[PDB]
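Q: Just so we're on the same page, the deposited numbering is the position in the sequence shown counted from 1, plus 4.
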Amino acid sequence: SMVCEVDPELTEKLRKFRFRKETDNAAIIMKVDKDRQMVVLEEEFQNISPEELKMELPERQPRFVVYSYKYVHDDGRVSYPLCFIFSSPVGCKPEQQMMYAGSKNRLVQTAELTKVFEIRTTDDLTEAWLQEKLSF
Numbered sequence: 005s006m007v008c009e010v011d012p013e014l015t016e017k018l019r020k021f022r023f024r025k026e027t028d029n030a031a032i033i034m035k036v037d038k039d040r041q042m043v044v045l046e047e048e049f050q051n052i053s054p055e056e057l058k059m060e061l062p063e064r065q066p067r068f069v070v071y072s073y074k075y076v077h078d079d080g081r082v083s084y085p086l087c088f089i090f091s092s093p094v095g096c097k098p099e100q101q102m103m104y105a106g107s108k109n110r111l112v113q114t115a116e117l118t119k120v121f122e123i124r125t126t127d128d129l130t131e132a133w134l135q136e137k138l139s140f
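(1) Do three or more CB pairs link the region 73 to 80 to the region 43 to 50 at distances below 8 angstroms?
(2) Does DSSP put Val-10 in a helix, in a strand, or in coil?
(3) One question on the structure: do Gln-100 and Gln-65 come within less than 8 angstroms of each other, judged by their Cβ atoms?
(4) Out of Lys-17, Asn-109, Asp-127, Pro-62, which one is the CA nearest neighbour of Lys-97?
(5) Whose C-beta lies closer than 7 angstroms to the C-beta of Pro-85 among residues of the same chain, with five residues either side of it excluded?
(6) Please name the residue in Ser-92, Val-82, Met-6 whose C-alpha comes closest to that of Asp-39.
(7) Measure the beta-carbon distance from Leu-117 to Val-70 and round it to whole angstroms, keeping in mind my assumption that it falls under 8 angstroms.
(8) Could you give the DSSP three-state label for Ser-107: helix, strand or coil?
(9) Assign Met-59 to buried or exposed, taking buried as 16 or more other Cβ atoms, counted over all protein chains shown, within 10 Å of its Cβ.
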């Protein structure tokens, strides 16, 4: 049994996030607790830029993220798409990545987000990258 359970309190938070009316760029960063075999909250930010988010993530361990991004378009229109990001850095321990890989689908299906992105370096997480990924 490698697949982790999801903390019930974290499940409530993710469920609330799906349809949130708040406009601030909130991020929920989640990790595996290897001992509990449980995906848990690590930290949550009320309002964080893609660069700031990039800076929080560990460079050499995996994390799951849900993120709200305020997207101001060329023409002034504003949208707030949400996405799920699996930070799976090349260089993480294979056993570590594997544990995260095995719980990703469960957590995605719990968050119920359809925009699911995987980055193999935290360098990739930029405003330009998000805008490309989020536009359709």
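Backbone N, C-alpha and C fix where the C-beta goes; we use that ideal spot for every residue, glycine too.
A: According to the data block:
(1) no
(2) Here residue 10 refers to the residue found at position 6 of the sequence shown. Here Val-10 sits in strand by DSSP.
(3) Stepping through the sequence shown from its first residue, residue 100 is reached at position 96. Stepping through the sequence shown from its first residue, residue 65 is reached at position 61. Cβ atoms of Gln-100 and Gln-65: closer than 8 angstroms.
(4) Locating residue 97 in the sequence shown gives position 93, where the first residue counts as 1. Here the closest residue by C-alpha is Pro-62.
(5) Position 81 of the sequence shown, counting from 1, holds the residue named residue 85. Taken in chain order, the residues that qualify are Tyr-73, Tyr-75, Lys-119, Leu-138.
(6) Your numbering for residue 39 matches position 35 in the sequence shown. The shortest Cα separation from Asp-39 among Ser-92, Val-82, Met-6 belongs to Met-6.
(7) As a first step, residue 117 is located in the sequence shown; it is residue number 113 there, counting from the start. As a first step, residue 70 is located in the sequence shown; it is residue number 66 there, counting from the start. The Cβ separation is near 7 angstroms, so the contact holds.
(8) Within the sequence shown, numbered from 1, the residue matching residue 107 stands at position 103. Here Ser-107 sits in helix by DSSP.
(9) Along the sequence shown, read from residue 1 onward, the residue named residue 59 stands at position 55. When all chains shown are included, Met-59 counts as exposed.
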